[PDB]
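Note sheet for the following structure.
Below, chain A is the first sequence line, B the second, and so on; all start at residue 1.
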Amino acid sequence: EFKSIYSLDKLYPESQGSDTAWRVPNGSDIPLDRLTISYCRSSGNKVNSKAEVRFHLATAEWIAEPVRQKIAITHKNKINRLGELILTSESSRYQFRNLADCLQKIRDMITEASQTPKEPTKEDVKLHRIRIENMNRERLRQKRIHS
Amino acid sequence: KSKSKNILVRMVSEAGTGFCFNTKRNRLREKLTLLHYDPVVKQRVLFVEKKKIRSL
Amino acid sequence: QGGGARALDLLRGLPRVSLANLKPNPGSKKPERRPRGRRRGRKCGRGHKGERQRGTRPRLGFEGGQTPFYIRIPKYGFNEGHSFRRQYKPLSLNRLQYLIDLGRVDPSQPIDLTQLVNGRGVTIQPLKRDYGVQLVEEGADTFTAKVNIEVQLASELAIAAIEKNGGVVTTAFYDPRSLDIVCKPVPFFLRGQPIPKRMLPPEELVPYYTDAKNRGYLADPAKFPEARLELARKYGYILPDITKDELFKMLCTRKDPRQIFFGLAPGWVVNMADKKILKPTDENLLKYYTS
Amino acid sequence: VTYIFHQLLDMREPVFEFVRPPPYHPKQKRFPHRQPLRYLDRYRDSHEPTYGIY
Amino acid sequence: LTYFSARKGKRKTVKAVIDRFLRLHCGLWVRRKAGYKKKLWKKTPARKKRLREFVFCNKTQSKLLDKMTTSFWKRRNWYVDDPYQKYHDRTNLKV
RNA sequence: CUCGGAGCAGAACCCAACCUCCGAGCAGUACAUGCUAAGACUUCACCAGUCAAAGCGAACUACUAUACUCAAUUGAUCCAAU
RNA sequence: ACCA
């Protein structure tokens, strides 16, 4: 076989060998077997497809127990009757890129839960209406006649 | 042509962003210092007049 | 069963087809219009005086003196340097898969420009500043073939589709001369020139081809295991072990960076007439072609 | 309310969204004279590059 | 225009057009607006923003710019990272 | 000899005259007179010109405000200066 | 100073 002064053997002397580029590094965070991936063609007006990743948050063991508790709270509305956490992405016409977004959401829920940010976020507009509506509901709260 | 009251002057951001803008001021007035929005730093900062662009 | 045979048997009972009873297909021979007779003569379609009847109206774009439309728009570099921009014929994973399914590209062997051109999968125009093929992702969901393919540019999702099926993809640079040769080897061999060396990328392209994330052909092989692992995590497939595959030797075949063809070295003369290959042995020549 | 739907009523919790009508656009012209370049984005369906036959 | 060159017998491109207009493969032509760099101090921000748009030509101008350029300028190109790449083909266009 | 207002041209729009009249080739306030974007108008073409929801940034509790008062108050391309 |  021909070899020039720019053989990868010469350019990277320490990286020689036929397997160097193809070894599987020994040193398993999100186990794909533990997830149920499903693909629908949402409205296909939509060219974009739809991926759905659902896993039972309680049974999940690859997620730290404390995180599983915290996630169950901050994402109550994504937990169905059976206890499955359901994530859906339909922002791409490729199932690869929709699943990648689904997995990145799972990967984000965990990171967010473990960090526990205490920074005071800027109040959203829709929240202001609720705060006032909430403030004037504990203003009509009475007491017991005979305490 | 001979008559002239206002002049066009360049106002450079004091924020060091290099952002500039043009405004008119009376020729006899003193050099302008203004508080103007600088998009690069995304906040209002001081601008100082540097050069007269032209006479209006 | 019908009209087809009904025409040949209908021909048996007709006069012989000769040079005396032929005619063009109706609608194929529009008639000529000549300025003769009442309808078409006299002023002959040219109107009356002015510049138009006399054949002297101004050039195209002139508007009668008003500063013309195409001149009063400001110059803007929409097309500045168009002639030095590199172009890449896109190859889709739909089109690649189709070529393999129809037998026009052979996945059992390495696939480079020569195999795509010879399978008539892409048409490369180096004179129109083509720099090779860009592997584009269209069709990634349904792509199943495992290939060892060499392109010039590749999308991450296209790479993921190749590597999810157990295949290999590398991005390699071809200078315009090397590209012309790799695309049509036979015409180059009919020039009787020694096979030239494949040049290096220009600086602006050296980072692309020394980067493992692009599977660049000048990239560090030791950094490929990680980059292949990242896309598998990103896109949610398990990276196969290709060392375990029987075609692993084939999947590893890569040209030397200075090499245009698999199995042929710079400085060789291909003698297609006698089916021989002439190799120089002079030291100065041999040093030139290996450098 | 989830507890009522799940336990007392023994059903799935129905979720609704406030959906607004799709935005109006005039019929696309072959030559959109003097419209900005993004006029084409108003009639596009996907953001990802297409390639046709290639 | 040069309909027949003295050297090649070929029609020539008017290079004034190449320096001012962009041809999309679909047959649309894109221009800048006249006066977008002139006397900005006296133009309102709404007017200044209108002057910064890239706009399409009408059919008459398109037909004219097609005639002043040769076939080379109508070929499909595959420039890498072309800012206008997505604008070369039409979508959902009826009649 | 360009641009605005009025009559001719009474009521959607348009409408000539070496027709009848009157004006403009600026001033003033700002310094978010920042960004961006649906949908529209249009001086009978084009060029140019015009209005604007939502959004982002700001500002903010009693006509103002994501598009100042004002009728015109104006000059394309190339090129030059930076 | 005063090219377009």
Check your understanding: Quick one: is F:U74 close enough that its OP1 or OP2 comes under 4.0 Å of any side-chain N or O from E:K39?
Key -> no
**Study point:** Length of the line joining C:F62:CZ and F:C46:P, which is rounded to integer Å
**Key:** 20 Å
Review point. Are the charged groups of A:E90 and A:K46 less than 4.0 angstrom apart, N to O?
Key: yes
Review point. What is the nucleic acid contact for E:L51, judged by heavy atoms within less than 4.0 Å: base, sugar-phosphate only, or nothing?
Key: sugar-phosphate
Exercise for review: Report the nucleotide, chosen from F:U77, F:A76, F:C47, that has the shortest atom-to-atom distance to any side-chain atom of C:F69.
Suggested key: F:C47
**Study point:** Short side-chain N/O contact to F:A38 OP1/OP2 from D:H25, under 4.0 Å
**Key:** no
Review point. According to a strict under-4.0 Å criterion, is D:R38 in side-chain N/O contact with OP1 or OP2 of F:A38?
Key: yes
Check your understanding: For the base of F:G28, is there a side-chain donor-acceptor partner from B:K5 under 3.5 Å away?
Key -> no
Point to revise | For RNA chain F, the residues among residues 86-95 of chain E that have a non-hydrogen atom under 4.0 Å from it | key: none
Check your understanding: CG of B:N22 versus P of F:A32: gap in Å, rounded?
Key -> 14 Å
Throw together a table of side-chain donor-acceptor distances under 3.5 angstrom for residues 24-41 of chain E, partners on residues two or more places apart or in other chains.
from: E:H25; atom 1: ND1; to: E:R76; atom 2: NH2; distance (Å): 3.2
from: E:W29; atom 1: NE1; to: E:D66; atom 2: OD1; distance (Å): 2.9
from: E:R32; atom 1: NH1; to: E:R52; atom 2: O; distance (Å): 3.3

Practice item. Let me have a per-nucleotide readout for nucleotides 51-69 of chain F, 5' to 3', with B, S or -, counting only protein heavy atoms under 4.0 Å. Key: B-----SSS----------
**Study point:** Base-pairing result for F:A76 and F:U69, Watson-Crick or G-U at under 3.5 Å
**Key:** no
Point to revise | Contact under 4.0 Å: D:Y24 side-chain N or O vs F:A40 OP1/OP2 | key: yes
Point to revise | Donor/acceptor link under 3.5 angstrom from B:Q43 side chain onto base of F:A32 | key: no
